[PDB]
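Remarks on the structure that follows.
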Amino acid sequence: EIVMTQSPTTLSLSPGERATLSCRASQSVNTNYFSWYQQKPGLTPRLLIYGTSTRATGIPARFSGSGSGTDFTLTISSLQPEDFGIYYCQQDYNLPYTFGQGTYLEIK
Amino acid sequence: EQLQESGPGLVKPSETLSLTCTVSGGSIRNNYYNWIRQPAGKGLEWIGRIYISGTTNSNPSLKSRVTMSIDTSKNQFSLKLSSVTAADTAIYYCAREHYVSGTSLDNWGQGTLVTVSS
Amino acid sequence: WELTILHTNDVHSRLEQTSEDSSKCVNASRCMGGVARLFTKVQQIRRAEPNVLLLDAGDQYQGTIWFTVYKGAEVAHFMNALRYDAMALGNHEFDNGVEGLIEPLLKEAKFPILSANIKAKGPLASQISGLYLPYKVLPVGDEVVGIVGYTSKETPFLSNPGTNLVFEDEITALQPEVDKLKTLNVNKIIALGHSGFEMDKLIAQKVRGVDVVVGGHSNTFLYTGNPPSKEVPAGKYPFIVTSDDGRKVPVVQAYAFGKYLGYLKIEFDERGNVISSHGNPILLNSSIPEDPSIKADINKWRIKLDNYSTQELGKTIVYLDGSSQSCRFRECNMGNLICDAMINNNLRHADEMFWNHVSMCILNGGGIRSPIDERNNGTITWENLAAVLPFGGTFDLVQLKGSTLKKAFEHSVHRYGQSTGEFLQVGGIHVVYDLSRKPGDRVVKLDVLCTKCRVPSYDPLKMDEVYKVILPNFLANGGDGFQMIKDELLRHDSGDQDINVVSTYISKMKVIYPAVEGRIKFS
Ligand SMILES: *[C@@H]1O[C@H](CO)[C@@H](O[C@@H]2O[C@H](CO)[C@@H](O[C@H]3O[C@H](CO[C@H]4O[C@H](CO)[C@@H](O)[C@H](O)[C@@H]4O)[C@@H](O)[C@H](O[C@H]4O[C@H](CO)[C@@H](O)[C@H](O)[C@@H]4O)[C@@H]3O)[C@H](O)[C@H]2NC(C)=O)[C@H](O)[C@H]1NC(C)=O
Ligand SMILES: [Zn+2]
Ligand SMILES: [Zn+2]
């Protein structure tokens with residue numbers, strides 16, 4: 001199975017700063033099968049980005065999905081309070097589908 | 001466009017499990033329908049997919065324990081998980097692919113917390 | 001009405017002639033397969049018989065520098081030059097994704113490509129429409145033959161087809177496509193496919209109207225006679241199945257790596273019934289000349305690959321002894337180097353739980369297929385390395401009880417002295433054998449590198465304790481007789497390709513000098 005190592009495990013930055021989250025895949029992932037989830041500790045995870053780079057309906061332009069081969073990046077440019085909780089990268093290129101360990105983002 | 005899962009909140013060790021995801025926004029389209037779970041605190045784990053036609057793949061970690069089903073005269077998709085254990089207590093989500101890309105997981109359900117304990 | 005089916009399967013990018021062990025060709029007179037030689041034998045049969053089909057049953061993608069550099073452009077060019085009549089999709093055809101199947105293969109291949117059990121959906125349905133087929137009506141002389149293809153249900157695990165393909169049950173998907181050919185008044189039908197010999201047999205038994213099954217995936221050698229090389233047949237060629245409707249259905253495969261040309265001659269009656277079948281895989285050895293046009297073309301494509309294959313990855317200042325007389329009998333520095341590479345690759349720390357998830361590595365001596373000489377100014381190339389590891393196994397992570405590893409080490413020496421491949425090279429393990437004891441009782445010392453410690457040190461193996469080991473996929477699946485591993489393990493997690501792991505290690509270390517240092521001793 002394709003292992004998804006996201007770093008860092010925990011970021012603490014101020015609102016208006018830029019959160020750049022990094023996900024590294026043990027195997028190359030075709031950019032059509034790489035996606036980003038937000039989750040608030042408790043409730044349904046919400047799709048942010050499908051393809052490596054395409055925003056889903058209702059998601060603002062702050063979120064820039066990037067990368068290819070092994071090395072994928074989720075940039076959030078001007079952070080706001082409601083951007084709290086956990087962020088996961090996801091691949092569905094190979095079975096099983098696999099999610100990253102998650103990146104924990106607190107606003108300072 | 002919405003997916004609610006039916007199925008109870010309590011399980012014995014060494015026992016069964018009927019979970020039934022109901023779509024009623026529109027209908028089951030030409031798309032893969034997924035089950036996912038999460039151990040409480042930790043990270044997301046993919047269970048399996050089923051296409052409309054009935055075809056199913058599941059996680060090799062769980063392979064022997066998963067059965068899944070689909071029905072278009074009913075308009076939902078079932079899951080069964082045999083022989084349950086401490087490390088199986090976790091929130092159980094149904095989900096479907098983004099309908100433009102036929103990729104990702106887009107329109108998740110509430111979830112249901114299941115527990116192993118006597 | 002008589003048909004000659006020529007068939008290849010699992011050629012695995014072996015475009016050039018190989019050794020007898022399907023690696024790089026050293027002595028010209030002892031070399032085999034390659035498209036230039038295959039072209040010679042195929043032309044000759046086409047000049048002798050009127051009704052000839054050349055079929056491939058998948059796994060052209062993946063296996064050598066050819067596939068890595070040309071990404072299946074080479075498959076389309078050299079299969080087109082050989083005028084293949086039809087190909088079934090294999091699992092490895094999806095290794096660069098459905099995207100990497102379409103872009104060179106489906107767009108440049110002049111021959112039909114078949115899979116009755118792969119369904120496309122999403123925006124891929126329009127993009128791939130018509131580029132592979134459920135079935136094909138082939139005119140052959142003044143008759144027609146139907147082909148129906150099929151691909152392993154397991155491809156979504158074994159490869160990277162992505163979300164927009166459905167790999168359905170072969171039997172269920174095949175039957176309506178055979179029924180369709182029967183309504184188009186096609187009375188002669190071949191199932192060409194890539195699910196293995198066990199599935200080939202079930203198709204022959206269960207799909208009404210299949211006359212013949214041509215197969216792949218399991219690398220199955222079928223031969224009627226005294227075998228001409230080292231491959232031991234699983235049975236006679238062809239393998240006859242009695243179908244549930246009472247028909248005799250020939251089932252055939254042709255091993256792998258382009259070493260054999262399958263050759264099946266069928267007599268049909270007027271109504272398409274198989275009256276008789278006979279043949280044998282043709283060993284493609286040095287006694288068939290390479291066609292000089294195809295060879296000159298191969299040489300042309302070779303020029304751009306010679307850059308890539310003689311690329312210095314690192315240096316050794318020692319003879320890397322991966323010779324069988326060393327690696328099947330004693331500790332060898334090639335074994336030590338590969339296991340040290342395996343452990344270096346699998347690095348995950350946890351503060352109070354372990355220095356590393358894994359401290360321990362085993363590898364069968366048989367898997368190490370060549371030495372490397374250090375005198376070429378110390379250079380290690382991809383080619384040099386390809387020769388040690390020609391077969392694209394992965395290095396996997398397993399959990400085993402001490403007692404299971406004890407049994408593996410007993411098997412390692414149960415018939416010591418006879419140059420068998422099961423003899424284990426190790427990392428993070430010190431073992432002592434007493435060969436004057438009875439088999440099952442020759443392991444007199446087994447010490448393992450702890451993980452639940454801050455300072456890595458050696459402790460005696462415990463029978464009722466659980467350990468993490470990196471070993472080849474081959475050992476994980478019980479190859480070279482290690483059933484105790486396959487039957488007794490508690491977790492299996494699939495890792496990275498053997499050659500990639502060894503390659504990055506050499507490039508990170510820049511200069512290696514592995515020694516024989518007493519990981520394995522004898523009383
Ligand atoms: C590519 O593959 C081809 C197909 O395998 C190879 O052709 C084959 O070569 C082998 C090896 O030379 C041949 O094997 C046998 O035949 C020879 C020739 O011999 C004669 O004596 C026989 C007595 O029974 C007669 O029946 C023959 O007509 C002939 O006069 C034998 O000498 C060999 O046998 C001896 O060794 C065997 C061991 O198996 C003993 O059992 C016997 O006691 C005997 O002394 C072989 O039996 C084979 O005939 C030939 N195959 C075909 C189909 O023609 C080709 O060699 C290879 N090319 C390269 C470059 O390697
Ligand atoms: Zn193969
Ligand atoms: Zn295969």
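Labeling convention for the structure tokens: chains A, B, ... as they appear, residues from 1 per chain, ligands from 1 in order of appearance.
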Using only C-alpha atoms and all ligand atoms, which protein or nucleic acid residues are at most 9 Å from ligand 3, as a ChimeraX atom specification? /C:9-10,58-59,90-93,151-152,155,158,194-196,216-219
Using only C-alpha atoms, find which residues of chain C lie within 10 Å of chain A and jot them down as a PDB file with C-alpha atoms, in the first residue's frame.
```
ATOM      1  CA  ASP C  95       1.715   0.570 -13.644  1.00  0.00           C
ATOM      2  CA  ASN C  96       2.032   4.159 -15.088  1.00  0.00           C
ATOM      3  CA  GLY C  97      -1.798   4.461 -14.514  1.00  0.00           C
ATOM      4  CA  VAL C  98      -4.639   4.349 -17.088  1.00  0.00           C
ATOM      5  CA  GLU C  99      -3.030   7.688 -18.240  1.00  0.00           C
ATOM      6  CA  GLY C 100       0.290   5.851 -19.023  1.00  0.00           C
ATOM      7  CA  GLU C 154      -6.820  -7.902  -8.482  1.00  0.00           C
ATOM      8  CA  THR C 155      -5.192  -5.242 -10.841  1.00  0.00           C
ATOM      9  CA  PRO C 156      -6.562  -2.391  -8.553  1.00  0.00           C
ATOM     10  CA  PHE C 157      -4.175  -3.751  -5.758  1.00  0.00           C
ATOM     11  CA  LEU C 158      -1.266  -5.040  -7.999  1.00  0.00           C
ATOM     12  CA  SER C 159      -1.046  -1.778 -10.061  1.00  0.00           C
ATOM     13  CA  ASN C 160      -2.365   1.872 -10.358  1.00  0.00           C
ATOM     14  CA  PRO C 161      -5.589   1.820 -12.567  1.00  0.00           C
ATOM     15  CA  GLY C 162      -7.217   4.615 -10.434  1.00  0.00           C
ATOM     16  CA  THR C 163     -10.889   5.131  -9.544  1.00  0.00           C
ATOM     17  CA  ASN C 164     -12.386   5.417 -13.091  1.00  0.00           C
ATOM     18  CA  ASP C 493       2.843  -4.825   4.644  1.00  0.00           C
ATOM     19  CA  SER C 494       4.171  -4.535   1.019  1.00  0.00           C
ATOM     20  CA  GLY C 495       7.339  -2.372   0.565  1.00  0.00           C
ATOM     21  CA  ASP C 496       9.520  -0.840  -2.204  1.00  0.00           C
TER      22      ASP C 496
END
```
Can you list, as a PyMOL selection string, every protein, DNA or RNA residue that comes within 8 Å of residue 82 (chain B) when you count only C-alpha atoms, leaving out same-chain residues fewer than 6 positions away? chain B and resi 14-17+65-66
Just to be explicit: take each residue in the selection above, keep N, CA, C and O atoms, and write the result as a tab-separated table (two decimals), in the first residue's frame.
```tsv
chain	number	residue	atom	x	y	z
B	14	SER	N	-16.23	-10.79	18.83
B	14	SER	CA	-16.63	-11.97	18.01
B	14	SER	C	-18.14	-11.89	17.73
B	14	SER	O	-18.93	-12.50	18.51
B	15	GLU	N	-18.51	-11.14	16.69
B	15	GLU	CA	-19.92	-10.78	16.36
B	15	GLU	C	-19.96	-10.05	15.00
B	15	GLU	O	-18.87	-9.74	14.43
B	16	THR	N	-21.17	-9.78	14.51
B	16	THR	CA	-21.48	-9.34	13.12
B	16	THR	C	-21.53	-7.80	13.08
B	16	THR	O	-20.83	-7.18	13.92
B	17	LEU	N	-22.26	-7.21	12.12
B	17	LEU	CA	-22.34	-5.73	11.93
B	17	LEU	C	-22.99	-5.37	10.59
B	17	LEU	O	-22.29	-5.47	9.54
B	65	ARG	N	-12.92	-10.11	6.41
B	65	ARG	CA	-14.03	-9.75	7.34
B	65	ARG	C	-15.11	-8.89	6.64
B	65	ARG	O	-16.25	-8.83	7.19
B	66	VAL	N	-14.81	-8.28	5.48
B	66	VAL	CA	-15.74	-7.33	4.78
B	66	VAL	C	-16.63	-8.10	3.79
B	66	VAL	O	-16.08	-8.89	3.00
```
Distance query residue 57 (chain A) at most 10 Å, only C-alpha atoms, self and fewer than 3 positions along chain excluded, as a ChimeraX atom specification: /A:47-49,54,60 /B:106
Within 6 Å of chain C, which residues belong to chain B? Use only C-alpha atoms and report them as a PyMOL selection string. chain B and resi 55+102-103
Let's have the selection written as a PDB file, in the first residue's frame, with N, CA and C atoms.
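Saved result, part.pdb, follows:
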```
ATOM      1  N   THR B  55     -19.738  -4.943  -8.128  1.00  0.00           N
ATOM      2  CA  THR B  55     -18.277  -5.191  -7.927  1.00  0.00           C
ATOM      3  C   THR B  55     -17.804  -4.442  -6.619  1.00  0.00           C
ATOM      4  N   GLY B 102     -14.914  11.722 -10.908  1.00  0.00           N
ATOM      5  CA  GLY B 102     -15.033  10.289 -10.557  1.00  0.00           C
ATOM      6  C   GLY B 102     -13.900   9.832  -9.631  1.00  0.00           C
ATOM      7  N   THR B 103     -13.306  10.810  -8.907  1.00  0.00           N
ATOM      8  CA  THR B 103     -12.244  10.622  -7.881  1.00  0.00           C
ATOM      9  C   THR B 103     -12.711  11.184  -6.526  1.00  0.00           C
TER      10      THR B 103
END
```
Students should find that atom 39 (O, counted along the ligand's line) of ligand 1 and CA of residue 288 (chain C) are spaced 21.2 Å
Quick one: distance from CA of residue 260 (chain C) to CA of residue 235 (chain C) in Å, one decimal?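 The value is 15.6 Å.
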Excluding residue 86 (chain B) and its own-chain neighbours fewer than 6 positions away, which residues fall within 12 Å of it when counting only C-alpha atoms? Please give them as a ChimeraX atom specification. /B:11-14,39-40,114-118
Produce a file of the selected residues containing N, CA, C and O atoms, as a tab-separated table (two decimals), in the first residue's frame.
```
chain	number	residue	atom	x	y	z
B	11	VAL	N	-21.42	-3.20	19.84
B	11	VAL	CA	-21.01	-4.53	19.28
B	11	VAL	C	-20.28	-5.38	20.33
B	11	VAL	O	-19.48	-4.81	21.11
B	12	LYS	N	-20.54	-6.69	20.33
B	12	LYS	CA	-19.85	-7.71	21.17
B	12	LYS	C	-18.51	-8.04	20.51
B	12	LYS	O	-18.39	-7.91	19.30
B	13	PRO	N	-17.46	-8.45	21.25
B	13	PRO	CA	-16.31	-9.10	20.62
B	13	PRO	C	-16.74	-10.45	20.02
B	13	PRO	O	-17.55	-11.13	20.65
B	14	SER	N	-16.23	-10.79	18.83
B	14	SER	CA	-16.63	-11.97	18.01
B	14	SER	C	-18.14	-11.89	17.73
B	14	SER	O	-18.93	-12.50	18.51
B	39	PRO	N	-10.36	5.19	14.14
B	39	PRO	CA	-10.17	5.01	15.59
B	39	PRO	C	-10.12	6.38	16.29
B	39	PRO	O	-9.41	7.24	15.80
B	40	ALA	N	-10.87	6.54	17.40
B	40	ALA	CA	-11.18	7.83	18.07
B	40	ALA	C	-9.88	8.50	18.52
B	40	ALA	O	-9.14	7.88	19.31
B	114	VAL	N	-19.23	3.23	16.56
B	114	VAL	CA	-19.40	1.82	17.01
B	114	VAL	C	-18.41	1.59	18.15
B	114	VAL	O	-17.31	2.22	18.13
B	115	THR	N	-18.77	0.68	19.07
B	115	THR	CA	-17.92	0.27	20.21
B	115	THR	C	-17.96	-1.28	20.36
B	115	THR	O	-19.10	-1.88	20.29
B	116	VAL	N	-16.75	-1.82	20.63
B	116	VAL	CA	-16.49	-3.21	21.12
B	116	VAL	C	-16.27	-3.09	22.62
B	116	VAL	O	-15.40	-2.28	22.99
B	117	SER	N	-17.02	-3.87	23.42
B	117	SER	CA	-17.07	-3.85	24.90
B	117	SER	C	-18.31	-4.64	25.36
B	117	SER	O	-19.30	-4.66	24.60
B	118	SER	N	-18.24	-5.27	26.55
B	118	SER	CA	-19.30	-6.16	27.11
B	118	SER	C	-19.76	-5.65	28.50
B	118	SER	O	-21.16	-5.14	28.69
```
